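Participant: Sharing a structure here in structure tokens format.
Basis: the model, the stated rules and, where named, an outside source; no laboratory instrument gave them. Please note: Cβ atoms are built from the backbone with ideal geometry, for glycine as well, and neighbour counts cover all protein chains shown.
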Amino acid sequence: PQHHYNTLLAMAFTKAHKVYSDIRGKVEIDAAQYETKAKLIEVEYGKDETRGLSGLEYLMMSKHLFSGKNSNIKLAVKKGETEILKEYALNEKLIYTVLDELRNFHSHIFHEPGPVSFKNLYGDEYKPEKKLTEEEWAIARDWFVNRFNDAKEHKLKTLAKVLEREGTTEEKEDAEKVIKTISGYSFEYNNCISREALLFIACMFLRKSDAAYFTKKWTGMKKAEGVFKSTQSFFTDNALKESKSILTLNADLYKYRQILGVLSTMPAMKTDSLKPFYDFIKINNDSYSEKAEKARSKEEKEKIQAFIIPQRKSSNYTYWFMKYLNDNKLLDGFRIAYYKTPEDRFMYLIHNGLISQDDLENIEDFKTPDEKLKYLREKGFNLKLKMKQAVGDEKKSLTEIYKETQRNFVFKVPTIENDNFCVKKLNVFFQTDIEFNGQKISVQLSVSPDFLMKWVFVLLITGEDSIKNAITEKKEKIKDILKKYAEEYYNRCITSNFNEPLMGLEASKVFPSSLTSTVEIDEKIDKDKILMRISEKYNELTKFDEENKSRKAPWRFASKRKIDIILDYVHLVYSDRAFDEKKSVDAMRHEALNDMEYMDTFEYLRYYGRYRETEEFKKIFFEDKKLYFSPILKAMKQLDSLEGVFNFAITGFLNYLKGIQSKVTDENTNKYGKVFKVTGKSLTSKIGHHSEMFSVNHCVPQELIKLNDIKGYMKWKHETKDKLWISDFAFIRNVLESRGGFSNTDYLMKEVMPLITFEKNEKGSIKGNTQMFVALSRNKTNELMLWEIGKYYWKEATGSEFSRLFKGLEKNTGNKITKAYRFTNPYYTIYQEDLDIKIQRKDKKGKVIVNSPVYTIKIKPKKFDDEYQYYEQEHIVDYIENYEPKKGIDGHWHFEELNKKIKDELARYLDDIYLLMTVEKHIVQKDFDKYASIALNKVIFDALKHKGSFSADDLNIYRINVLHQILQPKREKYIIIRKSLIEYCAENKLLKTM
RNA sequence: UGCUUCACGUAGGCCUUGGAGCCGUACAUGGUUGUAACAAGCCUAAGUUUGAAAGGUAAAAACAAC
RNA sequence: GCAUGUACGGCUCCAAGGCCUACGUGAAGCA
Ligand SMILES: [Mg+2]
Ligand SMILES: [Mg+2]
């Protein structure tokens, strides 16, 4: 029957078009691919895995790979996938148009369609909406027949593999009937596309459940195993499986996983007063490791090993704030400092016109950088001797070039694909442009890591990076304010106004001490500071000396510190002698170690045993550097291996430091102030020069961002009202803790702290009380911020918020841990706890109906990437409202079993629409003159078997319910209409012929 | 007697992240005088979640000589 | 007998995800 196949194909193509359009709504870079910037791994193909990708996976991987956010993340693909993905990305628009056309052609009521020609006629008065020409349709049809042939060949080979593998009498007859029909049908006929090809095309862009239903309804047969369950399974190797993740190449769940892995470990802070914490942690770790290396079962070992606390030696919070700012297309007007690459050095040398004297060596065959630089290094390119080998213009040019070369960071316009932010001592570097008297001046700012954190906090909480000004009202962006600060700093530096607040900042946090605190005449060095410096040096030297004689030093342990100590001792003795001998700066400079001599001396001392008889060592340490190395000539001659010369150096150093602590009076403080380099309190005569230096290259404090107008700030400020030492970070911690999160500070202060006793002070408090607490507080805040960023990336991956309640800890009341770290830390088990999602009626497009109920559904977090993307929540709200589902144990309306009931109702509705469409088609195809004399519903009602059971209104309600798939229970008036329709179908015997 | 769909275990592979150790490459920085600590780190307040002010120490960014 | 930073490649451990398989179960529908 042609009508049966036509209706089934119309339904299948409509479903395929709806599913395909549910993924793409806008352009999404279609037909504009430019390759992927990702390190592709050619992963081997799994055994016993059927080849072939559905159209949905083609679309998803074409979108994910050729996106732009995939910059260097080391994705995994199979063999021969990139070129076919490029072909699909080229012809996806044609594929979409072909699917839409085919759906429109098959879904016809008036003048029932015939077979689809090889040309796909689609014209004349029948279809005067020609959207595909001969060549475009030819390309799409060629792609389809290629895929059809590939699937047929793969299925035939898999079928042929069965007969060799043993088998019996029953197996032989089952494999014989299926090969002849699988190899039987073909894509091509006499200008007629076969029905099997159309079903294959329709099922290629569906899901496995709908494809299975359509294949089962394709042929009645006997409802048993359809041709050994092999012809029916021919069309389902495509039609994406569901319950299979589509976010493998998302590049936003990648950062979420990175953040989770970072947060799943305990920090190792370097505070002196936190040592008992880590001592207890080490003892516990060692004891439980020893206990775990005695087990006999996997489960017992897993239970024992849950008490071990992993640790990390450092954390990078400044990188994650900068990455968050770069992802949201912020900055955009600054110039960030990036790490220098060898390509950057090569390009700088090329543009600077310095390797132009390479006689055009044309080393372009190497292509990759860091090898051409190797060739110049082998050639004899040095660049470190070219500040004295040319006329006076050399100083203006080569010194600046050398200064640029020594810097290891470069300034570039920020980009999404750029990630190598320069982080030096937790700081970042920005470069802005200001206008003064109609001139563009570049200003460099060192931005603290707490400015960025407050910026990210303001962006995350309010949603906008705008801060309301205290005066003159109005809202200003945080991308701004920085530029105003730079301009005002420049203006104040020119005006020399360093005794008033800049932006209500109490200008000692800005304007460093060279400008805000000066004296007129040079100060007099006090007696106390020299003694303090001498005592500190003595204490450090004797501490290292005492610590050295415990590892027994058999030419091992630290050697750099020893060489530094010898060199410092020699230099200090030489300086003390030279000041008394009254030598000028140039006299001492020529009599000391320059760069080359210092490098040679360091190498010789590092390899002391290697050079003791070579003439180079004698020439350096006994001929040239005679006066400088005088205090050590006697020891170096009768010694070797450097382990004795270090002891002699430490002995001489300690003897000298003891011998000086009684030769420092008020009448000779100048000499040792010069020797130990203690200075005064700057000069007023050099205020202008320092202002000129500082007006361009200054720093940005973290108090520039004010959280006064954030929601809840006034209540928090009034609540405490007595913690005189409180700061703005307590507000951040309070806000982030009220939203749900975990930090290792909670575990440290509630599970480990009560078990240990701290060393007490003279007063009776904890020794090192202040800094320790600050340290702990610091950790908490940073960790909380990181978690927030992670949650943000979750919203960028699954499209839904992360709503979950984290349980709070309880203080320890025992003498043992009794609480495993891997069971207390929630980031270890974060994929095994239900999350909340809010479901609301969507109606048409992105328009949530106000004053409508909102439902809360609990869903496992491993179902957010497979069977939650593009789910058509209208079915969920229809099932919740129209039906009356029951709430199970801990009643919360789980997404599971809701999916199951919804799928069952969808199958029932599919049967209903098939039946109604067949009956409507038969009714219309006959009484065309009667219909042409809504009135169509009245025509159907008159041409039926109703007496008093239902009116035209009931038929209309049934038709709108069935056509649009509004999920409702069976009720009563629906059953009689279905019985009448079945009676009509059986009376004419419409679907019983072969 | 069985059929598919989910979910949980058990055992394998094949990839990708996170911490720690042993490593190796490859590159950059390292010297003597003065100017230079606004930014970041360390030490000082409370036996429980208080980074404000103050006192030391501290050379990350910068300027000029060999 | 060397310190810091950067990028890469290993080995070694732990852990987390994703894809394939092969055995058990638990549940929903169908013959
Ligand atoms: Mg999943
Ligand atoms: Mg302070």
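Participant: Are any residues in segment A:226-241 out of contact with any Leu (no Cβ under 8 Å at 6 or more places or on another chain), more than 9 Å from RNA strand C (Cβ to nearest atom) and not β-branched (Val, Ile, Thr), and if so, which ones?
Facilitator: In the first step, residues of segment A:226-241 are kept if they are out of contact with any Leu (no Cβ under 8 Å at 6 or more places or on another chain); the result is A:226-229, A:231-234, A:236-237, A:241.
Adding the requirement that they be more than 9 Å from RNA strand C (Cβ to nearest atom) leaves A:226-229, A:231-234, A:236-237.
Scanning segment A:226-241 gives A:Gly226, A:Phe228, A:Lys229, A:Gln232, A:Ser233, A:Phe234, A:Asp237.
Participant: Could I ask something else about it? For residues that are surrounded by 16 or more Cβ atoms within 10 Å (Cβ to Cβ), in a helix (DSSP H, G or I) and either more than 16 Å from RNA strand C (Cβ to nearest atom) or aliphatic (A, V, I, L, M) (or both), tally how many sit in segment A:636-653.
Facilitator: Result for segment A:636-653: 6.
Participant: Here's a follow-up. Only one of these is within 16 Å of RNA strand C (Cβ to nearest atom) and either in a strand (DSSP E or B) or hydroxyl-bearing (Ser, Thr, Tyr) (or both): A:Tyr909, A:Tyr871. Name it. Before the answer, list the steps.
Facilitator: Working: A:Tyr871 fails: within 16 Å of RNA strand C (Cβ to nearest atom).
Only one candidate passes the filter, namely A:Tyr909.
Participant: Grab the helices (runs of 4 or more DSSP H) fully contained in segment A:696-800, keeping just those with 2 or more residues being within 23 Å of the chain's Cα centre (by Cα) and farther than 21 Å from A:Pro449 by Cβ. Let's see the steps before the verdict.
Facilitator: On the way: elements: A:713-720, A:728-738, A:744-747, A:769-798.
Qualifying helices (runs of 4 or more DSSP H): A:769-798.
Participant: Would you tally the residues in segment A:39-74 being farther than 28 Å from A:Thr97 by Cβ and in contact with a strand residue (DSSP E or B) (Cβ under 9 Å, 6 or more places away or on another chain)?
Facilitator: Matching residues across segment A:39-74 total 5.
Residues checked against (1) under 26 Å from the mean Cα position of the chain (by Cα); (2) away from RNA strand B (no atom under 14 Å from the Cβ):
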residue: A:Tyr256; (1), (2): yes, no
residue: A:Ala268; (1), (2): yes, no
residue: A:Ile281; (1), (2): no, no
residue: A:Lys298; (1), (2): no, no
residue: A:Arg312; (1), (2): yes, no
residue: A:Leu325; (1), (2): yes, yes
residue: A:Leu330; (1), (2): yes, yes
residue: A:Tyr339; (1), (2): yes, no
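Participant: For A:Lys842, which of the numbered conditions (1) surrounded by fewer than 14 Cβ atoms within 10 Å (Cβ to Cβ); (2) over 23 Å from A:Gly891 (Cα atoms); (3) more than 15 Å from RNA strand B (Cβ to nearest atom); (4) of a type outside the set (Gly, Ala, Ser) fails to hold?
Facilitator: Exception for A:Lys842: condition (1).
Participant: Hey, another quick one. With (1) under 30 Å from the mean Cα position of the chain (by Cα); (2) part of a helix (DSSP H, G or I); (3) surrounded by fewer than 15 Cβ atoms within 10 Å (Cβ to Cβ) as the list, and A:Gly808 as the residue in question, which single condition is left unmet?
Facilitator: (2)
Participant: Let me ask another. Under 8 Å by Cβ, and 6 or more places apart or on different chains, what pairs join a residue from segment A:242-253 that is farther than 13 Å from A:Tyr868 by Cβ and more than 7 Å from RNA strand C (Cβ to nearest atom) with one that is of a type in the set (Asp, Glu) and not in a loop (DSSP other than H, G, I, E, B)?
Facilitator: Every condition considered, the pairs that remain are A:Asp252/A:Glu796.
Participant: Considering segment A:609-623 alone, what residues qualify as being surrounded by 12 or more Cβ atoms within 10 Å (Cβ to Cβ) and in a helix (DSSP H, G or I)?
Facilitator: In the first step, residues of segment A:609-623 are kept if they are surrounded by 12 or more Cβ atoms within 10 Å (Cβ to Cβ); the result is A:611-612, A:617-618, A:620-622.
A:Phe617, A:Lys618, A:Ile620, A:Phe621, A:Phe622, listed by residue number.
Participant: Related question: Checking the structure you have, find out if any residue of segment A:385-394 is in contact with a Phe, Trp or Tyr (Cβ under 9 Å, 6 or more places away or on another chain) and surrounded by 15 or more Cβ atoms within 10 Å (Cβ to Cβ). Outline the logic, then answer.
Facilitator: We begin by selecting, within segment A:385-394, every residue in contact with a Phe, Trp or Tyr (Cβ under 9 Å, 6 or more places away or on another chain); these are A:386-387.
Narrowing further to those that are surrounded by 15 or more Cβ atoms within 10 Å (Cβ to Cβ): A:386.
Yes, segment A:385-394 contains a residue that is in contact with a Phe, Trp or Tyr (Cβ under 9 Å, 6 or more places away or on another chain) and surrounded by 15 or more Cβ atoms within 10 Å (Cβ to Cβ).
Participant: Is it fair to say A:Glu92 is buried (at least 20 other Cβ atoms within 10 Å of the Cβ), among the charged types (D, E, K, R) and over 30 Å from A:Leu916 (Cα atoms)? Before the answer, list the steps.
Facilitator: Details: buried (at least 20 other Cβ atoms within 10 Å of the Cβ): yes; among the charged types (D, E, K, R): yes; over 30 Å from A:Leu916 (Cα atoms): yes.
Spelling it out, A:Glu92 is indeed buried (at least 20 other Cβ atoms within 10 Å of the Cβ), among the charged types (D, E, K, R) and over 30 Å from A:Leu916 (Cα atoms).
Participant: Mind checking whether some residue in segment A:568-588 is surrounded by 13 or more Cβ atoms within 10 Å (Cβ to Cβ), assigned by TED's automatic domain parsing to the domain that holds A:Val664, of a type in the set (A, V, I, L, M) and within 48 Å of the chain's Cα centre (by Cα)? Before you say what the answer is, go through the steps one by one.
Facilitator: Initial filter on segment A:568-588 (surrounded by 13 or more Cβ atoms within 10 Å (Cβ to Cβ)): A:568-579, A:583, A:588.
If we keep only those that are assigned by TED's automatic domain parsing to the domain that holds A:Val664 as well, we get A:568-579, A:583, A:588.
Okay, now just the ones that are also of a type in the set (A, V, I, L, M), so A:570, A:572-573, A:578, A:588.
Now drop any that are not within 48 Å of the chain's Cα centre (by Cα), which leaves none.
Within segment A:568-588, not a single residue is surrounded by 13 or more Cβ atoms within 10 Å (Cβ to Cβ), assigned by TED's automatic domain parsing to the domain that holds A:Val664, of a type in the set (A, V, I, L, M) and within 48 Å of the chain's Cα centre (by Cα).
Participant: Here are A:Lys930, A:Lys887: which of them is loosely packed, with under 14 Cβ neighbours inside 10 Å, not small (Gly, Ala, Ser) and not in a helix (DSSP H, G or I)? Show your work before the answer.
Facilitator: On the way: A:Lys930 fails: not in a helix (DSSP H, G or I).
Step by step, each of A:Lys930, A:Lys887 is checked, and only A:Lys887 is loosely packed, with under 14 Cβ neighbours inside 10 Å, not small (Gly, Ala, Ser) and not in a helix (DSSP H, G or I).
Participant: Further question: Would you check which residues across segment A:486-496 are of a type in the set (S, T, N, Q) and either surrounded by 14 or more Cβ atoms within 10 Å (Cβ to Cβ) or touching a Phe, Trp or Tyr at 6+ places or on another chain (Cβ under 8 Å) (or both) and list them? Reasoning before the result, please.
Facilitator: Going residue by residue through segment A:486-496, those that are of a type in the set (S, T, N, Q) are A:491, A:495-496.
Matches in segment A:486-496: A:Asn491 only.
Participant: Count, please, the residues in segment A:17-67 that happen to be more than 15 Å from A:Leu90 (Cα to Cα), part of a loop (DSSP other than H, G, I, E, B) and of a type in the set (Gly, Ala, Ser).
Facilitator: Count: 5.
Participant: Still on this structure: In the set A:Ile859, A:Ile756, A:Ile849, which member is in contact with a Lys or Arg (Cβ under 6 Å, 6 or more places away or on another chain) and aliphatic (A, V, I, L, M)? Don't jump to the end; show me each part of the working.
Facilitator: Numbers: A:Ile859 fails: in contact with a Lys or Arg (Cβ under 6 Å, 6 or more places away or on another chain); A:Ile756 fails: in contact with a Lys or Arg (Cβ under 6 Å, 6 or more places away or on another chain).
Criteria check complete, one pass: A:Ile849.
Participant: Restricted to segment A:371-425, and to residues that are among the hydroxyl-bearing types (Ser, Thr, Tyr) and in a helix (DSSP H, G or I), which residue is farthest from RNA strand B (Cβ to nearest atom)? Walk me through it before giving the result.
Facilitator: As a first pass, look at segment A:371-425 and keep what is among the hydroxyl-bearing types (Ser, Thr, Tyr): A:375, A:397, A:399, A:402, A:405, A:415.
Add one more test, that the residue is in a helix (DSSP H, G or I), and what stays is A:375, A:397, A:399, A:402, A:405.
Values: A:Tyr375: 11, A:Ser397: 14, A:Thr399: 8, A:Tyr402: 9, A:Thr405: 6 Å.
Once the filter is applied, the top-ranked residue is A:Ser397.
Participant: Any residue at all in segment A:845-866 that's more than 24 Å from A:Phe742 (Cβ to Cβ), part of a loop (DSSP other than H, G, I, E, B) and within 16 Å of RNA strand C (Cβ to nearest atom)?
Facilitator: Within segment A:845-866, the first condition is being more than 24 Å from A:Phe742 (Cβ to Cβ), and the residues that meet it are A:845-855, A:857, A:866.
Subset that is part of a loop (DSSP other than H, G, I, E, B): A:845-854, A:866.
Remaining after also requiring within 16 Å of RNA strand C (Cβ to nearest atom): A:866.
Yes - at least one qualifying residue is present in segment A:845-866.
Participant: To continue, here is another question. Counting only residues that are closer than 23 Å to A:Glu783 by Cβ and in a loop (DSSP other than H, G, I, E, B), how many does segment A:426-464 have?
Facilitator: So the first thing to find is which residues in segment A:426-464 are closer than 23 Å to A:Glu783 by Cβ, and the list is A:426-428, A:447-463.
Next cut, in a loop (DSSP other than H, G, I, E, B) only: A:426, A:448, A:463.
Residues in segment A:426-464 being closer than 23 Å to A:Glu783 by Cβ and in a loop (DSSP other than H, G, I, E, B): 3 in total.
Participant: Would you confirm, using the coordinates I've provided, whether A:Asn697 is more than 16 Å from RNA strand C (Cβ to nearest atom), exposed (fewer than 15 other Cβ atoms within 10 Å of the Cβ) and under 14 Å from A:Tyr485 (Cα atoms)? Full working, then the answer.
Facilitator: Values: more than 16 Å from RNA strand C (Cβ to nearest atom): yes; exposed (fewer than 15 other Cβ atoms within 10 Å of the Cβ): yes; under 14 Å from A:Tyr485 (Cα atoms): yes.
Spelling it out, A:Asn697 is indeed more than 16 Å from RNA strand C (Cβ to nearest atom), exposed (fewer than 15 other Cβ atoms within 10 Å of the Cβ) and under 14 Å from A:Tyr485 (Cα atoms).
Participant: Filter the helices (runs of 4 or more DSSP H) completely within segment A:216-325 down to those with at least 1 residues that are more than 30 Å from A:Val447 (Cβ to Cβ) and either in contact with a strand residue (DSSP E or B) (Cβ under 9 Å, 6 or more places away or on another chain) or not assigned by TED's automatic domain parsing to the domain that holds A:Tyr914 (or both).
Facilitator: Working: elements: A:227-230, A:253-263, A:275-292, A:298-304.
Per the criteria, A:227-230, A:275-292, A:298-304.
Participant: So, one more: Please go through segment A:632-669 and give me each residue that is more than 58 Å from the chain's Cα centre (by Cα) and among the hydroxyl-bearing types (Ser, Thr, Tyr), ordered by number.
Facilitator: A:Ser662, A:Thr665, A:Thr669
Participant: If you go through segment A:515-546 one residue at a time, how many are more than 51 Å from the chain's Cα centre (by Cα), surrounded by 15 or more Cβ atoms within 10 Å (Cβ to Cβ) and part of a loop (DSSP other than H, G, I, E, B)?
Facilitator: Within segment A:515-546, residues that are more than 51 Å from the chain's Cα centre (by Cα), surrounded by 15 or more Cβ atoms within 10 Å (Cβ to Cβ) and part of a loop (DSSP other than H, G, I, E, B) number 1.
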